[PDB]
Structure formats: C-alpha cells, structure tokens
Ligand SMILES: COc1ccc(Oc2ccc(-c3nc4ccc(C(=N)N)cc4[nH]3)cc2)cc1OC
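Next up: a single chain in structure tokens, the form solved without this ligand.
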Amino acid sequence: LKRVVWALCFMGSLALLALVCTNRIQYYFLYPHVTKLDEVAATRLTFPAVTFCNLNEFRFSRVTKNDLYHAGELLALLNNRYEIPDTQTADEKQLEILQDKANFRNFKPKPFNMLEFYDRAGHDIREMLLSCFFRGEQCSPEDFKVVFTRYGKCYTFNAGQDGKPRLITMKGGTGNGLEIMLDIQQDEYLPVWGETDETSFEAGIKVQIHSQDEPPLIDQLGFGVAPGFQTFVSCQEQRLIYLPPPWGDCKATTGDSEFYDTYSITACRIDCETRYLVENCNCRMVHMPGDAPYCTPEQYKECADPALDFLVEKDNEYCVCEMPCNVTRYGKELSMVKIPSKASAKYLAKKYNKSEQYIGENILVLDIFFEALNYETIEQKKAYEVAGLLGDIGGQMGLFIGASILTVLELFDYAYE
C-alpha cells in the first residue's frame, strides 16, 4: 500500500535538523567568551625589566654657568632676569658657590641642549650603585641600560638585548631575585627654591617593574623607595589575554613599529603624547621617541610641561587607548626594615667614606623577587567555537543522514528498475 509514514518521517528528520542548526547557529553568533583563571608556581619564569630613577633630576656639582643661564629659570634657580631670586635657602656655602655660578657679567652663552643636559647632569649609575646581585651573581653598572624618562636619566636592569640568554627565576624568595644597594646622593640634590615640574620635595627613587617589551611610564606608574630602609618587593606575574571583536574589544599591532614593536597601553600613551606635543609645541621632550627637535628650556616652561601635564592629569579625550590583547601585570607586596642598624652604621660609613648620619639619609637596599605562586593567568577564551558548533549539530545531522541512507537502501531496486 501507500505509506505516507515514510515521507512524514523524512520531513520530521529534516525539521529536527533545521531547528538544531538554527538554535546552535544563533548561539554561535552571540560570540560568547569565558575567562579562564589559574594561579600556579611556574618554572623558568622570565624575570622582568626593572627601571629606576633618582627623584633628583640634576646633580648640583654638574650644573655649569651655561646650564644655569639657559635652564636656571626652569629649575627655579634664577628669576626671569637671570638673577638669583629672593629665595636664598642655603645658609651653607651652597649659595655662595651658586652666586659665583650665576655671575653672567661678560659671560658668552654657549650652545645648550636639554637632552645633553640630562645626560651630563643626571645621576650616574656608577656612583649610585654600591652593590648589585641577581641570583647569586654580581651585576655591575654595565648591566643597566640608560633610559630617559620624565625624571631625566634613569636606568633599567634586564632590559633585554645584551647576552645573558634571558634571565629567569625558578624558586620563590629573595634568593632568586635582584638585590641592589644604592646611594641616592642628597649631597648632589639641586637646591629647591620653588615648585616646578622638574622640582622635587622628596628624596629617594622611583621604580617600575615591567615586561621587557613595554616601555616605562615611571613618573605616572612607578612606586617609591625611601632612603634609610631595605625594601622587600614580593611579586607575582599576572598574564592577561583578551579577545578582539566580535568576542571582545582588544587590539594588537604587528611587527611594524611606529615607535614601539609591541602594542601596550604605555606604548600607546607615549606615542599619543609625542604627537600631541609635536603638533602643539613643535618639539618633543627628551624622553619622547621620534626625530622632532627637542624642546628648549623655554619651550618646556611655556608649552611642553603644561601640555604633558594636561594629558596625564586633565585630558579625557585626546589620548585614550584601546585595551591590548596581551598584558603582563606584576602584583606587588612591599615591606621594609631600617638601614643601617646602630651596630652597622660605622662599618658602612667607613666602607663608603661617609659620615654615619649620611648613610642613614642616603643608603637604601632594594630586593625584588617573586613569591612561590609566581604566576597567574587570566585569559578570555572563545566559549563556542566551530568544533563546538559542528559537534552540537553533528548528532542530529547523523540521524538525518541515516534516514536518507535508509531511504536509499529502500529504493535501490525500484530506482534501478
């Protein structure tokens, strides 16, 4: 007889497949994601780059008559008339020497450049670094790469480019980390007679721990370290991965570097800051990339400093960056003990040829290492991929192919006639 039951079942089988495909395909277009977390003790962890700056930008003994003439006003050492202000806070022979230095009678100005000034007058790592050790191995001034920041001449440990085939840490604790003893040299601090962006009321250093493929932004993001203490910095590397649209909203540039090889929030901000200053001040500050001419002291005071301050303080629209797809964050827990103890003050004073009082106001020890659970990952993952879609329809699709197959083994003869 006539069995419509077969044509009805075939339709159903196709109908069920249509619904499953529509449902699963709709969910797929929602491009959902899941964030996977894990916190473990990784081995062979790559030690980061560590940048540090003295809070004092220019060494008093390195400031010359010509430097004073050109940048004196910027440093608040001279008034708008090339003269020492009514601010004479130096009952010492520091004012005396400064007045001789400020004597411009018959003085002939010589060429001046801010970058050269920072490079020449900035604190010298060779003098600041009293000792340096990384995982039991002694490091020297040469292990530090010079990098210019808003603080001027700063230094980066393990910047990555030398030999030492990637520095790594294996265990938790100070032993597997970096330990440095520094002399901040307050005797070389520039007298502070006013408040300016280059002026500092504080003594110590600013530090920033960051990935080697990310430039520092130490004036904004660094942490402080005070003289007279041994500071312990226990860290945890946190690797965050994000997804680009339609899943997420991150971004990731390719090899080609407008200024920086890798994309990061800092690289983006510095890039944007530089273009903003070049456009508005027709010059770049000494710590900025590119080839525009460096700003003169006058431009720093009249345009550059106020322009950058606007960007890092008030701006809400000019330099806003998009999330990178790859970010490395370093969680840190800081603590400190006093240096020197009464029992070691004499030993340190003699060793470095300083008074005991000096040691207590200038020496600092900094330990940067990782805790046992040194590695955490937070990665956005695609929740419903193709393999997941096909798998979700494969089951129902099979039953349909089967019905069609059984339809073939049922009409093979009739069809063949």
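Heads up, when I say rigid core I mean the largest set of C-alphas that superpose within 1.5 Å between the two forms. For every residue, the number given is its place in the sequence shown, counted from 1.
ask   = Among the other entries that model both neighbours of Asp261, does it go unmodelled in a third or more?
value = No; none of the other entries leave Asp261 out.
query = Comparing 168-176 with 245-253, which has the greater mean CA B-factor as deposited?
reply = If you average the C-alpha B-factors of 168-176 and of 245-253, the larger mean comes out for 245-253.
request  = With reference to the PDB entry, specify whether the mean Cα temperature factor is higher for 183-191 or for 81-89.
outcome  = Averaging CA B-factors over each stretch, the winner is 81-89.
query = For the listed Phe148, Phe259, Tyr263, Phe229, which has the peak Cα B-factor recorded in the PDB entry?
reply = That would be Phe259.
request  = Select one of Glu376, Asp392, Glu371, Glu57: the residue whose C-alpha shows the highest B-factor in the crystal structure entry.
outcome  = Checking the PDB record, the top C-alpha B-factor among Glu376, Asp392, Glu371, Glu57 is at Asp392.
request  = Among all modelled residues of this chain, ranked by Cα B factor, put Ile363 in the bottom, middle or top third, i.e. lowest, middle or highest.
outcome  = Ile363: CA B-factor falls in the lowest third of its chain.
ask   = Once the chain's modelled residues are ordered by C-alpha B factor and cut into thirds, is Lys101 in the lowest, middle or highest one?
value = Within its chain, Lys101 is a highest-third residue by C-alpha B-factor, going by the deposited values.
ask   = Which third of the chain does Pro111 land in by C-alpha B-factor: lowest, middle or highest?
value = It falls in the middle third of the chain.
request  = Would you check the entry's CA temperature factor for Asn316 and let me know if it's in the chain's lowest, middle or highest third?
outcome  = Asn316: CA B-factor falls in the middle third of its chain.
message = What third of the chain does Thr196 rank in for C-alpha temperature factor, lowest, middle or highest?
response = Middle third - that is where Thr196 ends up once the chain's C-alpha B-factors are sorted.
We do not show the form solved in complex with this ligand, though everything after this point is about it.
request  = Go ahead and superimpose the pocket C-alphas, place this ligand as found in the bound PDB entry, and count ligand atoms within 2.4 angstroms of backbone or C-beta atoms: 3 or more is blocked, zero is open.
outcome  = Judged by the transferred pose of this ligand in the bound PDB entry, this form is blocked (3 or more ligand atoms within 2.4 Å of backbone or C-beta).
key: Contact stretch among 195-203, 228-236, 91-99, 126-134 - heavy atom within 4.5 Å of this ligand in the bound PDB entry   = So the stretch in question is 195-203.
ask   = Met285, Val207, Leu167, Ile184: which sits within 4.5 Å of this ligand in the bound PDB entry by any heavy atom?
value = Partner contact (heavy atom, 4.5 Å) among the options: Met285.
Residue (of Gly172, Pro191, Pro141, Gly248) lying close to this ligand in the bound PDB entry, criterion heavy atoms within 4.5 Å = Among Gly172, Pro191, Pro141, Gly248, a heavy atom within 4.5 Å of this ligand in the bound PDB entry occurs only for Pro191.
task = Kindly confirm or deny that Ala49, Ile180 and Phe369 each have some heavy atom within 4.5 angstroms of this ligand in the bound PDB entry.
result = So, no: the whole triplet misses this ligand.
inquiry  = Against this ligand in the bound PDB entry, would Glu57 count as a contact residue? Criterion: heavy atoms within 4.5 Å.
reply    = Looking in the bound PDB entry, residue contacts with this ligand include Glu57, since a heavy atom lies within 4.5 Å.
request  = Spell out, yes or no, whether the shortest heavy atom distance between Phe157 and this ligand in the bound PDB entry is within 4.5 Å.
outcome  = Residue-level check for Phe157: no, no contact with this ligand.
request  = Examine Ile218 and determine whether its closest non-hydrogen atom to this ligand in the bound PDB entry is within 4.5 angstroms.
outcome  = Judged by the heavy-atom cut-off of 4.5 Å, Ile218 is well away from this ligand in the bound PDB entry.
key: 4.5 angstroms heavy atom contact with this ligand in the bound PDB entry for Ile339   = Flag for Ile339 set to no.
message = Need the contact residues for 286-302: heavy atom within 4.5 Å of this ligand in the bound PDB entry, sequence order, or none if there are none.
response = Going through 286-302 in order - heavy atoms within 4.5 Å of this ligand in the bound PDB entry - the hits are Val286, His287, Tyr294, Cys295, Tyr300.
key: Listed options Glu273, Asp143, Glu214, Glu198; Cα moving by 2 angstroms or more between this form and the one not shown (core superposition)   = Flagged residue: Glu198.
request  = Compare the position of the CA of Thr89 between this form and the one not shown after a rigid core fit and state whether the shift reaches 2 Å.
outcome  = Yes; that C-alpha moves by at least 2 Å between this form and the one not shown.
Rigid core fit then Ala307 CA moved by 2 Å or more between this form and the one not shown = Yes, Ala307 moves 2 Å or more.
ask   = Does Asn80 show a Cα shift reaching 2 Å between this form and the one not shown after rigid-core superposition?
value = The answer is no; the displacement is under 2 Å.
request  = Regarding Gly163 and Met288, go with closer or farther for their CA spacing in the bound PDB entry versus this form, the difference being 3 Å or more.
outcome  = Relative to the displayed form, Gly163 and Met288 draw closer in the bound PDB entry - a change of at least 3 Å between their C-alphas.
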